[PDB]
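Summary of the model geometry
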Amino acid sequence: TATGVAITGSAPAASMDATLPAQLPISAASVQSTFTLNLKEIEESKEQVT
Amino acid sequence: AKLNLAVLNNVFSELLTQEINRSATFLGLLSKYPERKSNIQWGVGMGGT
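Counting starts from 1 on each chain and follows the sequence as written, independent of the entry's numbering; residues without coordinates are not shown. Here the convention is simple: chains get letters from A, ligands get numbers from 1, in the order in which they are written. These chains belong to a larger assembly; the numbers reported describe only the chains shown. Side-chain metrics in this entry use all non-hydrogen atoms of the structure; hydrogen atoms and water are not considered.

Bringing the overall build of chain B into the picture now. The number of helices and strands found in chain B is zero helices and zero strands. Principal axes of the C-alpha set define a box for chain B whose edges measure 100 × 20 × 15 Å. Here chain B, with 49 residues, has 0% of them falling under the buried criterion. In the form shown here, chain B has an accessible surface area of approximately 5900 Å², with 56% of it arising from carbon and sulfur atoms. Each helix is a run of DSSP H or I of at least 4 residues and each strand a run of E of at least 2, with the numbering of both proceeding from the N terminus. Note on classification: 1.4 Å probe, protein chains only; a residue is buried when its accessible area is under 20% of the maximum for its type, exposed when over 50%, partly exposed between these limits. In this description, accessible areas are obtained by the Shrake-Rupley approach with a 1.4 Å probe, and a residue is regarded as covered only by the protein chains that are shown.

Shown next as structure tokens:
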């Protein structure tokens, strides 16, 4: 703050500035996927599909 | 309003002190041997003559 006193005044009241946190958490979850393909399908798809 | 009040960070120092008793005193002098066999067979000589 900045207030106005007289020239022969008496030094007005105290005031400082301020900061604040944010803390923004991330560490719980994930985005995942599976697909579970077979081992015999990867041979009968090289001479089956054009 | 205090300027760097809520933005102070705390840092733990490098002073870990282990405060338990774990010690193999009797195991530390038994003259360990390896044995890749199923069981330990030896002979014990009694009397009889």
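Next up on the list: the overall build of chain A. Helices and strands together make up the secondary structure of chain A, namely zero helices and zero strands. Its C-alpha atoms give chain A a radius of gyration of 35 Å, clearly above 10 Å, the size a compact globule of 50 residues would have. Its C-alpha atoms give chain A principal-axis dimensions of about 100 × 25 × 10 Å. For chain A, the exposed area adds up to about 5500 Å²; of that, 57% sits on carbon and sulfur atoms. In this treatment the radius of gyration is a C-alpha quantity, and the globule benchmark scales as 2.2 Å times the residue count to the 0.38 power.

It only takes one pair of heavy atoms within 4.5 Å for two residues to be counted as in contact. Of the residues lining the interface, five residues belong to chain A; the matching set on chain B comes to six residues. Interface of chain A and chain B: buried area, both sides summed, is about 510 Å²; carbon and sulfur atoms make up 58% of it. When residues of chain A are sorted by the area they lose upon contact with chain B, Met16(A), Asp17(A) and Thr19(A) head the list and together hold 72% of the total. Salt bridges, as used here, are contacts in which a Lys or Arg side-chain nitrogen is within 4 Å of a carboxyl oxygen on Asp or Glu. Seen at the junction of chain A and chain B, the total is zero salt bridges. The term polar contact refers here to a pair of N or O atoms within 3.5 Å; inside protein, the definition further demands a hydrogen-donor-capable atom paired with an acceptor-capable atom, and it admits residues adjacent in sequence only when both atoms are side-chain atoms. For the pair chain A and chain B, the interface holds one residue pair in polar contact. Under the grouping applied here, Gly and all other residues not named as nonpolar or charged are polar, the nonpolar ones being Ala, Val, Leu, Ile, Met, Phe, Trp, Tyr, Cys and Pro and the charged ones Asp, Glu, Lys and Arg. Tallied by class, residues from the side of chain A that touches chain B come to three nonpolar, one polar and one charged. Two parts placed together each lose some accessible area under a 1.4 Å probe, and adding up what both lose gives the buried area.

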